[PDB]
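Everything below concerns the one structure shown next.
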Amino acid sequence: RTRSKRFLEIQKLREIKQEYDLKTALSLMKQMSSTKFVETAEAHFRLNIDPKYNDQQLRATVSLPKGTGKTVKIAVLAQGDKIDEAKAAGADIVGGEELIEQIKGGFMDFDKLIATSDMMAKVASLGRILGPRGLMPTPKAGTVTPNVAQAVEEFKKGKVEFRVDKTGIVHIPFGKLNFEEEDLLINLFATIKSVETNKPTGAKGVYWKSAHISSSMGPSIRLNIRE
Amino acid sequence: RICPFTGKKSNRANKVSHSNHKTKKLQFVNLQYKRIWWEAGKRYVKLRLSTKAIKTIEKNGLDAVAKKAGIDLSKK
Amino acid sequence: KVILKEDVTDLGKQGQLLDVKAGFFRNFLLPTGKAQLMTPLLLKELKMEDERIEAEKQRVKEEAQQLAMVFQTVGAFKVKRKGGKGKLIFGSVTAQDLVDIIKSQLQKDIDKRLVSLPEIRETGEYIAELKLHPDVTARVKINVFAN
RNA sequence: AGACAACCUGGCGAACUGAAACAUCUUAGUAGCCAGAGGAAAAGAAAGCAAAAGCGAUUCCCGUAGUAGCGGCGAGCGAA
RNA sequence: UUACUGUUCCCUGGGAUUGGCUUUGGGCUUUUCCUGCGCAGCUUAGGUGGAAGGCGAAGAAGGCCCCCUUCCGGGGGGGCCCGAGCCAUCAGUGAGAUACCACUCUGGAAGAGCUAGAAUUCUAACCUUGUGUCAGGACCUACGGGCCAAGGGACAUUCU
């Protein structure tokens, strides 16, 4: 029997001083997501570099053990001989412009769609379904390229592009506060171990000042990158 | 050790020092005498210490404890 | 490290527990002023001057929050304010017939400075939300019978 | 208080002379001045030394080296 | 003695007793703004994960005028007259990367502050002399101690 807000509470279950580790900040980050629906878990890292320059900038990708990989049902859609290299690569389902009438019926047993540049003319019409669902392939995501083989096989690992802004802090949602416990560990760990190997040779001294793992709207927490 | 002489109150007397720059010689050094004012707690007494007993004359129960009867107001 | 307590043109009130100026108490603030000396000996003593000022949140609040509990299942308040004029009334109600009614049955008395703005003159159910302190609130009902 | 014979603790503190010159240094932290106490004082059972072997209070005597070390590494002094 | 090596005295500066405000002027921790539009994309995206529901007590169109970045071809923000209500994002288009919703730096300024220096004021010492009151019976020209008050004012002096 007691009335509370939405800050004082969470602010009590966390500490700024103590340096919570990966395993510790695990059963804590989930307790800080007492919000509607599924909240996303991010991770802010303070890099000691110079944003004004480019040689100091960091740009790469991290392979998240969970969220992506084989669990995903990527569907390949191309023509010509690009259809053969799709099945031999290891895709869930492959087909030409014939399956276009299938998705219109209600078949959406997929999460990742990729196609060439010689079919986008018709795929563009699906901007009403695949468009909003972000299922439509885009050049940026690299989902649109003649080398569909290296594409479908690439998503089989799953990556998350990341860079440095005018400040010098990097952050990429390694998942949500709904996933398991052991999962949120390998993802966060892989995120660091990956970005670390992308440090500029021009960097001098400590490359990391402090690491944090916050969510959509809630207090932060200093995470130990070493562990 | 013992602070030089310029009065009393607590310390003793002179304790000359020396040099070592380019030669050793007995230098007649002095002390950071100075004094302190204290009214509340007793009667006005200008104890001229040596900036090293200020924490043992007005801090502890050296006199801070305003006592009525007893030996002369002065430390003696 | 001292205890200001008596805030006087100084950055700090009720004694400062954080780094403060120096050489400003060795012969002024301390003597014939505000007994500071924030030492482990006066620290525990200082608390006994504030902790007893916080207890009112776990004690005084208790002996004031039960107001909504003690008064909630009480019988219906039958107070006739002279209902006539065809439909209106004669008696006047501003705060008296809003708190004095508590004594109307089984003794008990309450202050009149605990009621909100009066209610329109009628004979229906009244909603006298008893408001003691800005921390706890209660609810009181009032009715009128044509005499 | 003995205007205290020496020994002892403490404060302060030279020069002549030696360095075949002399201001570093040495010669003396002696002599000398002053204060206090004992008949012994002082010191004393050890945040020591050594060492991974172990000893293990202080003080005194004989050695360990008057070697090592220190120094216009000159004079000279001098460990553990 | 304008020989050498030291020293007393006479002086200068820092650190201490000297601490508390204000004004002007730097810097640091950086708060809030302003140039990382070359080109294409008509609109300035400095960016990732959203990639699709959410937002309803921290700056969301024009005629007319100024400043702030470039009223200074067109934009954003503060306002007087004119002046619809739920919004934005998006496929296509399309650069290497595009601005809404949830979080984020420099060079150079203003503000909130920390700190190193000048210039003012008062006061809590300190220095000092000075009406007077006091340690009385000190019916003596005097050091010293104390109260009160005045003056200077925490800039000497003292110590290293």
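Cβ: placed from backbone, ideal geometry, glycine included. Neighbour counts: every protein chain shown. Laboratory data are not the source of any read-out in this text; all were calculated from the coordinates shown.
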Which condition number does residue A:46 fail, the rest of (1) in a loop (DSSP other than H, G, I, E, B); (2) in contact with a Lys or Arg (Cβ under 9 Å, 6 or more places away or on another chain); (3) of a type outside the set (A, V, I, L, M) being met? (1)
Only one of (1) assigned to a helix (DSSP H, G or I); (2) free of Cβ contacts under 8 Å to residues at least 60 places away in the same chain; (3) crowded, with 17+ Cβ neighbours inside 10 Å fails for residue A:135. Which number is that? (1)
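Of the residues B:42, B:55, B:15, B:25, which single one is closer than 26 Å to residue C:33 by Cβ and without any contact (Cβ under 8 Å) to a residue 24 or more places away in the chain? Walk me through how you get there before you give the answer.
On the way: B:42 fails: without any contact (Cβ under 8 Å) to a residue 24 or more places away in the chain; B:15 fails: closer than 26 Å to residue C:33 by Cβ; B:25 fails: closer than 26 Å to residue C:33 by Cβ.
Exactly one of B:42, B:55, B:15, B:25 is closer than 26 Å to residue C:33 by Cβ and without any contact (Cβ under 8 Å) to a residue 24 or more places away in the chain, namely B:55.
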Look through segment C:40-69, keep the residues that are touching a residue at least 24 places away in the same chain (Cβ under 8 Å) and in a loop (DSSP other than H, G, I, E, B), and return whichever of them is farthest from the other protein chains (Cβ to nearest Cβ). C:50
Taking segment B:6-27, which residues are in contact with a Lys or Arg (Cβ under 9 Å, 6 or more places away or on another chain) and either within 14 Å of chain C (Cβ to nearest Cβ) or away from RNA strand E (no atom under 11 Å from the Cβ) (or both)? B:8, B:9, B:10, B:11
Residue count, segment B:28-39 (criterion: more than 14 Å from chain C (Cβ to nearest Cβ) and closer than 30 Å to residue C:31 by Cβ): 4
Has segment A:51-58 got any residue that is farther than 20 Å from residue A:212 by Cα and among the basic types (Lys, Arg)? yes
Hey, among the residues in segment B:20-76 that are within 16 Å of RNA strand D (Cβ to nearest atom) and surrounded by 11 or more Cβ atoms within 10 Å (Cβ to Cβ), which one's nearest to the chain's Cα centre (by Cα)? B:50
Going through segment C:1-39 one residue at a time, which ones are within 14 Å of another protein chain (Cβ to nearest Cβ) and touching a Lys or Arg at 6+ places or on another chain (Cβ under 6 Å)? C:34
